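Undergrad: using only what follows, build the 3D model:
(4 chains, ligands or ions: 2)
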Amino acid sequence: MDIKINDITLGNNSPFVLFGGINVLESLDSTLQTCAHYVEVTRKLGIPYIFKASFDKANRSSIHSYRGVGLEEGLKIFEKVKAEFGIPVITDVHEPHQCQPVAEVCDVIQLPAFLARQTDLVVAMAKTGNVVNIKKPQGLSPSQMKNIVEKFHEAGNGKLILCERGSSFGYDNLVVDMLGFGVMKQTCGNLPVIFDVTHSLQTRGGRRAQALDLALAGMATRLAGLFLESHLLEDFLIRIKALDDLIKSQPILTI
Amino acid sequence: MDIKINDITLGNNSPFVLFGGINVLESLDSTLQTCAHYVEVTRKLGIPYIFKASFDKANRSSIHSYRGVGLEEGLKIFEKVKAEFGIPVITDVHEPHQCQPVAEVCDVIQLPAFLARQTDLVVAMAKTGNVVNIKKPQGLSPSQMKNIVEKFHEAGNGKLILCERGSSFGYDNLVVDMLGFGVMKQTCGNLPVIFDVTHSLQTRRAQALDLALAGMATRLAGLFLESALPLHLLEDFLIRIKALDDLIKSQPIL
Amino acid sequence: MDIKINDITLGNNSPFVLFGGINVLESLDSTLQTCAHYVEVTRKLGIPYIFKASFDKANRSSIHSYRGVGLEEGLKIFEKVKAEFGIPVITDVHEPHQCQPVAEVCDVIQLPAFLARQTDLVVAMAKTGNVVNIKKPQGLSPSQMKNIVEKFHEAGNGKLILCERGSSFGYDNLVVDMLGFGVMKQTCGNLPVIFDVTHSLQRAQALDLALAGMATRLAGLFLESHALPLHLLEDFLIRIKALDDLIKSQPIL
Amino acid sequence: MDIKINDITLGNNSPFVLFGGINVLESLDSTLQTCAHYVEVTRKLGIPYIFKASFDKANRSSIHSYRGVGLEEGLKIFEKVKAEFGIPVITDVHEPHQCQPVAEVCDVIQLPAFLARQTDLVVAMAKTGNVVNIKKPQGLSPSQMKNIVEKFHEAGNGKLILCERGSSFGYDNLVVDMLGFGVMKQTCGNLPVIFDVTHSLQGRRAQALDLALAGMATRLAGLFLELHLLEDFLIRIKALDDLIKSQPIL
Ligand SMILES: [Cl-]
Ligand SMILES: [Cl-]
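TA: Numbering: from 1, shown residues only, chains lettered A, B, ... in the order given. Ligands and ions are numbered 1, 2, ... in the order given. I have put the structure below:
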């Protein structure tokens, strides 16, 4: 099942969409400058692009780390990003009451992994009618994502993206099960599946050569998109796009 | 470090405290009846007791599932439990705004495992000044528990209980690492450590008893369970736990 | 099901039996000196005792690190241990050909974990008629131990001990599932289960882990020393024995 | 580091080599038939090929289960495979004494995963001088493969292939860590790394393909496995492999 996001078609058999930006919104000037780098590299490679940032990050490394500019100013910034670049945007929400005003502006709203089971947030997200990105908890098996999907369906919204971020592997480590993508496709109605390579790695060419190997491996399984929590970018995306074009150009095996 | 909860002393070298009750509050009558059974059994065995229940089930499989009586009616029920039995009580919170009104009534407030990294909830819980029970996420190693502890300390509250509930083991399965208790004691200032045997089993009453015994053998402040154990096996179960706990606590550490 | 090993009764409802000694046999004088320490401590606490060592360590940190004295000398050392102390002994075998000559001397022979699925070794061990200790591979779930058991039974030997040594937990790391004991008891005919706390561990940690395991009601404890330091042995065993006495004195629920 | 196996160059920056055949040798006729299928498909796609089989099933469901033809007859069969098809072959060894006679015939000898820490087997394998395929135990981290490699080097043999076969993931289940390939390359001198996709998988055709593709996307020397299913599968692997090998490393 494909999902239309303005002029973008997101789907497991469509060219991959890149989801990328900054961690937290600080200022309009800072945001536009970063977004302009992503936009210029992606436009030049012809890769569809969705800008990501948090306006209010509830899951911070420290208590007093900056949460972001907040709902009101954040949504202003996002409006400016959409107007200047003509691209869709994505942001996370952690409180039910935030969902509706965020959804007036943000094309995709994101369910953080740690809140993925919180029924009230699921419901309030669903009721926006917006495209939703469901982050897979590291403790949830791929065959149980269908239960989160079910709850969104009960609450009236089927425009759902499934985002892999790795699975708990002993202590501390995360491993990404390359079979999980296929399990999610088979059990969740072939909804678009995207890969958050960055998180998948935070606990493991340095990080750069690893991110590339892991992104390649995941995209080889035929996925709707790639999600980075962030010329260097350009070399990376050239390789991802090469693999993605090859894979998507071949028909799926046939019974 | 010991923590005082009314007349109870909770600590890794003190007699074990039982945190027990029901999953979700449904009615006043049901709750008082169950609580009376726990109270009568624990008082006769001489085991300190804290009554546990949730006023809300925040992650049901269905949006249409029964979720509990809710904050307002739930706190009423907890006030009645405290007035009738004179015991401390414990319940979980899911939203920052709930922390203060819950803490006015509930002696111990609990950070659910899924929310343990919701920084705003941590901060709002800490500011209550109440005793807090931190449920260890199944994806968090015992040597990183100190990071949650740090955050509570930075926000001004050192009255923290660490609650083991098992660790992710492949898909859909939990294992309890009996070495984790010691790692938590060593790295988190010997704060009280308690064992949630019930949730620790959930992926799998002979097994609860074996697992509870194993955990208490490592010398713990408390045991945390639901009744899930059938309610009339409770007295026989606790007789065995208390026997082991008395033996272990009577031997000096080294 | 209990198993008789000379005058010892080994069984999940019997006082725990200590299986203890050294990693690899390196000399006669030093083996006897270590064994004497075990024997004096265990006799003083009234704990039944089986001396353990390998004559040939197959998985060494380096290729030329010493394998041990070897089969011929190793069996002579074990005969000396049995003559001097009158206690049973246990050792591992790696090759089918070694089974017979080892079993003539040793009261228990041990199937190493890495070889536990080698059908020829299983068959040759079984055919000795000896008591066998089956080391649980770290990659094998407790509900699959029954398949090793089955193969021993097909080959004619039901005098089997099951030995827990932990399970792979992510990379390079072991966790002991305290529910695995019960699963093995339930699926393998309540054969004696013992706990190798030493190999499970990679201390105050050894003691905690040993206590936790023995709290689940087991036939025995399996450990090494030099690994626990040899003079803390008595203090360690006093605590194990206290817990084991308490647990075994209560009827099963 | 590349390894020459007759006319084949095996190496992490070379076209992938398929290691394929049957589980256990049963008879000359059914072995030749299966081998001929692999040979005809690989030749027609232009993929280098090494035939694999065991002469002995070391872990059998029953003591009475069929075990395979055994060393003597098994080596006869391998000689006939080499003579008829002119390809290298690979088989596993379980006992030190078997190493030399197996190595006389078999181009590559394989160290099974369960025996990978059996030092006497390591030493006897090493002393053959043959190309060795080291099966990575499901309980061993990728950063520890270097310790096995070190032992083979101390015993005088650097012609080693590292073979990924998945890692224990809870009970009774495997997962393949796609970062492990790179860790092994970086810590073990860039020795050839291959991927046993078949054993890594504790319908099923779609899974093997996804997993094989994911692994070969990390740039590997080879792939190891057991209406036209093989060819349709290898067509896709070879497409990916050609793309990945044509891009320079960064
Ligand atoms: Cl998560
Ligand atoms: Cl004997």
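
Undergrad: count the residues that sit near whichever residue of the stretch 51-200 of chain A sits closest to chain C.
TA: Going by CB to the nearest CB, chain C is nearest to residue A:170 of the stretch 51-200 of chain A, at 1.2 Å. Using the backbone N, CA and C atoms, a C-beta is placed for each residue, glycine as well. Neighbour count of residue A:170, defined by other CB atoms under 10 Å in any protein chain shown: 23.

Undergrad: residue contacts, the nearest residue to it once chain neighbours are set aside?
TA: Distances taken as CB to CB, 6 or more residues apart in numbering or on different chains place residue C:170 nearest to residue A:170, at 1.2 Å, with adjacent residues excluded. If you count contacts by CB atoms under 8 Å, 6 or more residues apart in numbering or on different chains, residue C:170 has them with A:169-173.

Undergrad: how near is residue C:170 to ligand 2?
TA: 39 Å (CB to the ion, to the nearest Å).

Undergrad: need phi/psi at residue A:8.
TA: The phi and psi values for residue A:8, taken as degrees, to the nearest 10, are phi -90, psi 140.

Undergrad: tell me the bridge partners for it.
TA: residue A:5 (DSSP bridges).

Undergrad: ok, the helix or strand in which residue A:162 is found: who's next to it in the sheet?
TA: Per DSSP states H and E, residue A:162 falls inside strand A:160-164. Strand A:160-164 pairs in its sheet with strand A:131-135 (parallel), strand A:193-196 (parallel), by DSSP bridges.

Undergrad: I'd like the next helix or strand past the first one.
TA: Put plainly, it is strand A:131-135. Next along the chain from strand A:131-135, counting by DSSP H and E, comes helix A:145-154.

Undergrad: that following helix vs strand A:160-164, what angle?
TA: Direction vectors for helix A:145-154 and strand A:160-164, defined by axes from the mean of the first three to the mean of the last three CA atoms, to 10 degrees, enclose an angle of 160 degrees.

Undergrad: only alpha carbons, please: show helix A:145-154 as PDB.
TA: C-alpha atoms of helix A:145-154 as PDB (Å, rounded to 0.1, in the frame of the first residue of the first chain):
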ATOM      1  CA  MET A 145       3.700  -4.500  15.000                       C
ATOM      2  CA  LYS A 146       0.300  -5.600  13.700                       C
ATOM      3  CA  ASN A 147      -1.100  -4.800  17.100                       C
ATOM      4  CA  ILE A 148      -0.100  -1.200  16.900                       C
ATOM      5  CA  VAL A 149      -1.400  -1.100  13.400                       C
ATOM      6  CA  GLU A 150      -4.700  -2.600  14.600                       C
ATOM      7  CA  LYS A 151      -5.200   0.200  17.200                       C
ATOM      8  CA  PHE A 152      -4.600   2.900  14.600                       C
ATOM      9  CA  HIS A 153      -7.200   1.100  12.300                       C
ATOM     10  CA  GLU A 154      -9.800   0.800  15.200                       C
END
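
Undergrad: helices along chain A, start to end?
TA: A:28-45, A:71-85, A:99-103, A:119-127, A:145-154, A:180-187, A:197-201, A:206-219, A:232-248 (DSSP state H).

Undergrad: pop out the phi and psi values for residue A:2.
TA: phi -90, psi 160.

Undergrad: do the one 10 residues further on as well
TA: When read as degrees, to the nearest 10, the backbone of residue A:12 gives phi -70, psi -10.

Undergrad: and if you look at residue A:60?
TA: Dihedral angles (degrees, to the nearest 10) for residue A:60: phi -100, psi 150.

Undergrad: residue A:215 and chain C, how far apart?
TA: 22 Å (CB to the nearest CB, to the nearest Å).

Undergrad: beta-bridge partners for residue A:51, please?
TA: Where residue A:51 sits in a bridge, its partners, by DSSP bridges, are residue A:20, residue A:89.

Undergrad: circling back: near ligand 1, anything from the strand holding residue A:162?
TA: No. Using CB under 5 Å from the ion, strand A:160-164 never reaches ligand 1; the gap is at least 11.0 Å.

Undergrad: with only the CA atoms kept, save that strand in PDB.
TA: Extracted as PDB, the C-alpha positions of strand A:160-164 are listed here (Å, rounded to 0.1, in the frame of the first residue of the first chain):
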ATOM      1  CA  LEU A 160       0.800   4.300   8.700                       C
ATOM      2  CA  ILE A 161       4.500   4.000   8.100                       C
ATOM      3  CA  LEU A 162       6.500   1.400  10.000                       C
ATOM      4  CA  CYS A 163      10.000   2.400  11.200                       C
ATOM      5  CA  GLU A 164      12.600  -0.200  12.100                       C
END
